Amino acid sequence: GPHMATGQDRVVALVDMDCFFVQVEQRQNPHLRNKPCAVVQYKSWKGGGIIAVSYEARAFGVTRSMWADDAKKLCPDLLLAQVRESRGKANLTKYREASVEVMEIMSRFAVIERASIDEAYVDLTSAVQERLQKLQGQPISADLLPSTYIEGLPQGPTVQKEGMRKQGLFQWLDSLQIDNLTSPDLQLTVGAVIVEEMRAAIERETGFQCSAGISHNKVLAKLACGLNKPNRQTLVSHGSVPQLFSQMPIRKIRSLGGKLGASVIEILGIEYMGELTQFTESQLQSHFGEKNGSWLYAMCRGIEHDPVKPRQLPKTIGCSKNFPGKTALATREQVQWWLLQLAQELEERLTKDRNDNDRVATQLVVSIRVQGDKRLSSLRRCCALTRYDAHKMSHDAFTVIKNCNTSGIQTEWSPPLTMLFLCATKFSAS
DNA sequence: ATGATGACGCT
DNA sequence: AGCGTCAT
Ligand SMILES: Nc1ccn([C@@H]2O[C@H](COP(=O)(O)OP(=O)(O)OP(=O)(O)O)[C@@H](O)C2(F)F)c(=O)n1
Ligand SMILES: [Ca+2]
Ligand SMILES: [K+]
């Protein structure tokens, strides 16, 4: 009872750009705005692979991974924008630079953790304490929360979507104890006000819309963010967790979408995250290990402690290209030419990074895949990265992979290579 | 023949 | 270090 921690100590938000690469292309080309459209890479093989999809196009069934030729069968008027191609490969620079625009706006409000090109976690605990002191116990108006959903409401004793949203918000705000400065529900609500302001600033200063989740930890914030997209935000309170989790498939929780979650389902014979509450901590640790078991015991009760790490920049800078089916590299000269292409893009991104961010990479990771393996990587080897020079990096990568060549002939490469990857890691300040 | 990324855990 | 898992 009085000593049972409830995981209500932080206010954490997750901000996610809606269909991000599509928004970047629609900002640049107004002809694409408010249309079914997608971003594709390459074009020769079946129209290119779709990597991002506008919500108008999702209504027709267009998804990521689809070939554009097939997407066109579902949506004949689908508009397409192509990823830039440089040195024979996809170049994502435009989207990395757009992400920096958004991340720098977010950093004005709070320290952020860059989770991906288009996602950032925000720890709002301190910002919320300050805003509460500025209020001094004045109520929070619904006008301060114009795009916020309160998960689980309305409830209890209109048929339109915005009407539903406002009924739920009204019930939430009418129940709020605004005199208690340490009420977790109040803290979440103030967090949501700040996230409304953050999202307004992102849209004003970049043109990009996003969704967001606000809760007490990263897993609940990510789950919340997904509940109402696009261009909306959702508050998931601690009290909403039992009902929410009672029908939540286990695979929807971050880190449980793969083999571990499938094993939770198979071993325990359950389907929903709330069903985990019926096991002891020791039972869960016995099945899934000490760390995973403790994590599952707390997480199915809405409790998680993973911190929002203060990190706005990526930790690695990598360049990779697949060579599928018949295009697999079968000669020494082919392998050197593509290693050089990758190393030239890498050198350009590293030089830009060292000028912008005052750091240098010190380790070069080289990874390859051979025709036949089912694993995404067949071999990974590191060497020293001492100069930002593409010819040296490609020579060193070749040196650390050249003994993989099964061929007895010097000029041939067997088994042919279906993937090349160069990654700069282990940054030091400079 | 999805592809091109990127973070973190295990041993 | 090198390999694997999970995710955008
Ligand atoms: N497998 C993937 C997943 C994503 N992305 C790239 O990562 C970006 C963001 O990934 P997101 O958040 O998962 O999906 P969204 O497009 O933003 O759509 P939503 O509104 O539902 O958030 C994509 O634009 C991308 F461009 F598509 C990718 O390259 N490969
Ligand atoms: Ca997104
Ligand atoms: K995302």
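Labels below follow one simple rule: chain letters A, B, ... track the order of the sequence lines, proteins then strands, and each chain is numbered from 1. These numbers come from the heavy atoms of this one structure, side chains and all, not from hydrogens, waters or symmetry mates.
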Contacts of type side-chain hydrogen bond (donor to acceptor under 3.5 Å, both in side chains), residue [X], not counting sequence neighbours:
{"X": "A:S294", "result": "A:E281, A:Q285"}
{"X": "A:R349", "result": "A:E345"}
{"X": "A:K72", "result": "none"}
{"X": "A:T327", "result": "none"}

Review point. Want to know the stems of DNA chain B: at least 3 consecutive Watson-Crick or G-U pairs with distances under 3.5 Å, which are they?
Key: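 For DNA chain B the paired stretches long enough to count as stems (3 pairs minimum) are B:4-11 with C:1-8.
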
Check your understanding: Can a salt bridge be assigned to the pair A:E97 and A:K94 using a cut-off of 4.0 Å between side-chain N and carboxylate O?
Key -> no

Check your understanding: Below 4.0 angstrom, N of the basic side chain to O of the carboxylate: do A:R108 and A:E197 qualify?
Key ->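 Not counted as a salt bridge, because no side-chain N and carboxylate O are separated by less than 4.0 Å.
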
Review point. DNA chain B: A:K309 or A:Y42, which has the more 5' nearest nucleotide?
Key: A:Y42

Protein-nucleotide distance ([X], atom [atom1]; [N], atom [atom2]), rounded to Å:
{"X": "A:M419", "N": "C:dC3", "atom1": "CE", "atom2": "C1'", "result": "12 Å"}
{"X": "A:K218", "N": "C:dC6", "atom1": "NZ", "atom2": "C1'", "result": "14 Å"}
{"X": "A:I250", "N": "C:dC6", "atom1": "CD1", "atom2": "P", "result": "14 Å"}

**Study point:** Test of ring centre spacing under 6.0 Å for A:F208 and A:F20
**Key:** yes

Interface with DNA chain B, restricted to [range] and to heavy atoms under 4.0 Å:
{"range": "residues 311-326 of chain A", "result": "A:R311, A:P314, A:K315, A:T316, A:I317, A:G318, A:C319, A:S320, A:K321, A:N322, A:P324, A:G325"}
{"range": "residues 91-110 of chain A", "result": "A:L92, A:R96"}
{"range": "residues 45-65 of chain A", "result": "A:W45, A:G49, A:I50, A:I51, A:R64, A:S65"}

Exercise for review: Specify the closest pair of heavy atoms between A:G47 and A:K43, including all atoms of both residues, with the distance to one decimal.
Suggested key: O-NZ, 2.8 Å

**Study point:** Steps toward ring-ring contact (aromatic ring centres under 6.0 Å, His included) verdict (A:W295, A:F288)
**Key:** CA-CA 10 Å; A:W295 186 88; A:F288 311 112; over 10 Å; no

**Study point:** Residues, nucleotides or ligands: over 12 heavy atoms within 6.0 Å of A:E266 CD
**Key:** no

Point to revise | Greater than 12 external heavy atoms within 6.0 Å of A:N355's CG | key: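 For A:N355, atom CG is crowded (more than 12 foreign heavy atoms under 6.0 Å).
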
Exercise for review: Taking the side chain as every heavy atom from C-beta outward, state whether A:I202 and A:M106 have any atom pair closer than 4.5 Å.
Suggested key: yes

**Study point:** For DNA chain C, the residues among residues 355-381 of chain A that have a non-hydrogen atom under 4.0 Å from it
**Key:** A:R375, A:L379, A:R380, A:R381

Point to revise | Residues that A:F245 engages under ring-ring contact (aromatic ring centres under 6.0 Å, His included), provided they are two or more places apart | key: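 Once residues adjacent in sequence are excluded, A:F245 has no partner under the ring-ring contact (aromatic ring centres under 6.0 Å, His included) criterion.
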
Check your understanding: Which pairs count as side chain to side chain donor-acceptor pair (under 3.5 Å) when at least one residue sits in residues 45-55 of chain A, sequence neighbours excluded?
Key ->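 Sorted result for residues 45-55 of chain A: A:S54-A:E56, A:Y55-A:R58.
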
Determine the contact category for [X]: base if any of its heavy atoms lies under 4.0 Å from a base atom, sugar-phosphate if only primed atoms, P, OP1 or OP2 are that close, otherwise nothing.
{"X": "A:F421", "answer": "nothing"}
{"X": "A:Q41", "answer": "base"}
{"X": "A:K89", "answer": "sugar-phosphate"}

**Study point:** Rounded P spacing from B:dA1 to C:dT8 in Å
**Key:** 24 Å

Practice item. Scan A:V365, A:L350, A:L422, A:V360 and name whichever one has a side chain to side chain contact (heavy atoms under 4.5 Å, CB included) with A:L385. Key: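 Of the listed residues A:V365, A:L350, A:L422, A:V360, the side chain to side chain contact (heavy atoms under 4.5 Å, CB included) partner of A:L385 is A:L350.
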
Check your understanding: Between which nucleotides of DNA chain B, read 5' to 3', does contact with chain A run, using atoms under 4.0 Å from its heavy atoms?
Key -> B:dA1 to B:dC8

